[PDB]
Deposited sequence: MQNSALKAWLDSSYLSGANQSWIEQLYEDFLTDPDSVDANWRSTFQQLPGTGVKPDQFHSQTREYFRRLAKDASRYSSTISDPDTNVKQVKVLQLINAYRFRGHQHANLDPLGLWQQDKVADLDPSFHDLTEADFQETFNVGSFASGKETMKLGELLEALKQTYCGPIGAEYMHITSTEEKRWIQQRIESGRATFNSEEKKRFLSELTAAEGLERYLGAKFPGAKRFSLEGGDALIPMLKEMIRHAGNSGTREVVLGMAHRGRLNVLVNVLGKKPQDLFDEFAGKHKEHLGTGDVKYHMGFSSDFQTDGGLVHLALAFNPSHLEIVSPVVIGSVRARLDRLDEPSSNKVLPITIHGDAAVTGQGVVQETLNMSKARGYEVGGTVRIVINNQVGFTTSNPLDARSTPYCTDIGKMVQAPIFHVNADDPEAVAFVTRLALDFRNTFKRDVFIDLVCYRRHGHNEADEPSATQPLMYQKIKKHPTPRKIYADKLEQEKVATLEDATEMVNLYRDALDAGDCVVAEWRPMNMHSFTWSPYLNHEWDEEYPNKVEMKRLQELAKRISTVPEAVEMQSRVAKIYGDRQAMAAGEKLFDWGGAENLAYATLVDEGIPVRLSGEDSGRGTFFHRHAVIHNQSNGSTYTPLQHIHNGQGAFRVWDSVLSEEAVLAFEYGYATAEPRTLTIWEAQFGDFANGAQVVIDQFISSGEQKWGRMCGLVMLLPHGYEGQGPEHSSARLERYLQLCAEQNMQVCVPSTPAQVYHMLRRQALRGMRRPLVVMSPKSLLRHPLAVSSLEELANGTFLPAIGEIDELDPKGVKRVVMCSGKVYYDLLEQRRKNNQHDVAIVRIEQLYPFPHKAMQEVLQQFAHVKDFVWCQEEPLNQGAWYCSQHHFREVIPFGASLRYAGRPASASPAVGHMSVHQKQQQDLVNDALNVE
């Protein structure tokens, strides 16, 4: 009897919660094919005036009334699928919100109508004027949705919003949300304009302020390439930077919004990578609001994590508004990714095309409704449509709440139009240097050090005191000290980067007592730059994108990304190709990201030998990047400081050393640190009688030391060996300084560890030629060309190293 039935009703409430969404009126076309637990009878009833307890269903209700309420709640225009989430209080939170809506009022409804009108009217104006649809029609409700999202952010103390989307709807969002001048857009179509090489109109970002009741929000819409889905981790990178510059930096204060298409989101693996990474300390941003523009489920990746998915019918702006707040409230409340599945169509399987043509547009559907509610007449709707058309004709901003940015919002202005060779405060006063050298070498006794580490630290105290030369790690960390000391923050990010893949850095010290850590660079003085090191793992495409976004938002911070080995960075080729190396020219976007790519031929094989130097060199042009191969601790130290101290903001690609990290000749003095500078080139270091010199060898990086040791060994005085430490921009001045004593030499050799089709030969040939004397010939010494970067077998490597070295040194 009735005991048993009460239990059955609970089971029925439950089934609606779980799966009600699958019978929801989501599709605006009504051609969706809904494929159980949902009819009473499967749960054995008939009965509808029997009164029941209704469990947690936001006390007592006649049955048939409950079934009403459940169908409303879970089977109308919103499909909440949300009971996979394990947090009890989150579900209950949601239930509370949806299981109890107030009505919007005449002015909010009208306003919805107004934004649908703009959505449509812009799409139509552009159709008529420029018959060449990435039109938003009809996912028109995106405009009302974004505008509401932003208003709600305002009223919840959000200060900035960062957006990334793609092409569909792009022009609409630009004009009707971000506030770009229609006239500016119309001009773009006519070919009226930038002073780089540019990109197409659908990749355009935009920055503005937007006035809400709750205050002034900053809007930032990303630039992006045609490659789908990769702007995402760029955005959230962007937002971590912006959070990192607030004084108490709570997530709700910067909101990331990403807009996706159904196919891209299931089909692009950077989505997985991004979800995985947003979990990680040093990368989290308190969750992203993800909008899926659902045309042709797809949101099913959002269960690899576990996030609420709100599906909604684009044809109901009111339901759309409601879900918008719901999703936003949820994310600001619980610091978690949320998904809004915006279910719509492309006005622009010819069986549904016919469906679409006979279907009224969202503006139309809504104005008809506001008319059968006596909230706006035809004459009202019609005049919204006339007003908007007129405004387009006038060409001015059409977003009433757009405000021009304040001076203080222009964070990049100091950093534009600088050249690589500008002067910068290279020197640091010896007293202060040693003071810092000593502080970062000195670990409170509280911290129990592992044995090998404690040694390394004893060494660095001895470097500080002049009693021992700096190695790479000692000098590198000293660079960071000198930067944070004067207020410049550092962010270092990479696989195992706190200690170092090669055990060289030990910026972070693992306590053997507490199991905690201590990071010396964080304890210099009150009010220093922050210093933060973050250990990635994998997700390498998403990570570099993130750091690119970060460096892009924040030019005051020295932002470093370190690949385990350079060989792996091709996992991020799209970032390197579409953003880092080309973003300035395409988009005007500066970036001082530093990339540490361990690189060097040491016999460990094809994926542990080559950063593919040559690929970065071919990408170089128009001063776009710097490519450096530092050979000394002093060099790395000056190199990093230059990047921070010196105005320009352009990617620094570094061929980082592995074995040089402990080479006994790779070693530097305090005098070289304090009074030295970054040297684009380094001349011959030994005494040779220049009149006796028959050959100059030029080279970069570790192979230098092999040549040096071999030439000393041979007792040889007739061949000089010069380093080129910066291959791009190519340092002509420096080159003529180190070459002047050799004006009379006719035999010049470029020597490289790397194979002929690789390293610098093919790309930097023409520079070498510009720089050697008018007489001189120029020839190659190095490994033969090869399909694989590096041979498999150590004995073969060793023979090749010896052979290329002897060949360089051999004048016979």
Deposited-sequence stretches lacking C-alpha coordinates, listed in sequence order:
1 to 83, 119 to 121, 133, 146 to 148, 191, 224 to 225, 287 to 288, 392 to 406, 459 to 469
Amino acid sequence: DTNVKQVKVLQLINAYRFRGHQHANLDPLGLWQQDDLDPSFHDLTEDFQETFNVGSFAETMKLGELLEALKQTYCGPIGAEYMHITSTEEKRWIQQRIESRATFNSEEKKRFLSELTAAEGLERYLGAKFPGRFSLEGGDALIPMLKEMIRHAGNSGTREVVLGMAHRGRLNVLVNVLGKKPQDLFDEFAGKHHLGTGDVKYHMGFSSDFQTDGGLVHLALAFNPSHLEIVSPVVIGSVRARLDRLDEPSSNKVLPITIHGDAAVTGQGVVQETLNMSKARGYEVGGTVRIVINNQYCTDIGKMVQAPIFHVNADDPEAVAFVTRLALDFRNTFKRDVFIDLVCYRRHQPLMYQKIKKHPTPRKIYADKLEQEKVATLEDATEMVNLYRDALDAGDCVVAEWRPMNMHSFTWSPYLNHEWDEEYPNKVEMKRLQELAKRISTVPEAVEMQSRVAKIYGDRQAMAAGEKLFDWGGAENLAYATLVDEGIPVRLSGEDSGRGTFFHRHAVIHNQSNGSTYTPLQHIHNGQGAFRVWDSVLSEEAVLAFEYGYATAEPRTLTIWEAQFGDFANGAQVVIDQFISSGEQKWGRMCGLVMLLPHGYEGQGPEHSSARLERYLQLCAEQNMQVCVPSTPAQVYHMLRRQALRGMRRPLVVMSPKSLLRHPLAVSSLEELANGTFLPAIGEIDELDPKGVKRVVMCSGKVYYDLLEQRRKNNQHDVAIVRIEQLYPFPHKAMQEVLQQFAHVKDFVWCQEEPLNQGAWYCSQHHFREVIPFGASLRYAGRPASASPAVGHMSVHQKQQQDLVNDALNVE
From here on, numbers count along this sequence of modelled residues.
371 to 379 versus 330 to 338 - greater average Cα B-factor per the deposited record:
371 to 379
Mean C-alpha B-factor comparison - 801 to 809 and 3 to 11, higher one
3 to 11
Whose C-alpha has the highest temperature factor in the PDB entry: 686, 390, 547, 315?
390
Highest Cα B-factor in the deposition, which of 61, 763, 745, 771?
61
Per the entry's values, where does residue 24 land by CA temperature factor relative to the rest of its chain, in the lowest, middle or highest third?
highest
Tell me, lowest, middle or highest third: where does the Cα B factor of residue 285 rank within its chain?
lowest
Third of the chain, ranked by Cα B-factor, where residue 90 sits:
highest
Is residue 160 in the lowest, middle or highest third of its chain when residues are ranked by C-alpha B-factor?
middle
CA B-factor placement of residue 130, once the chain's modelled residues are sorted into thirds:
highest
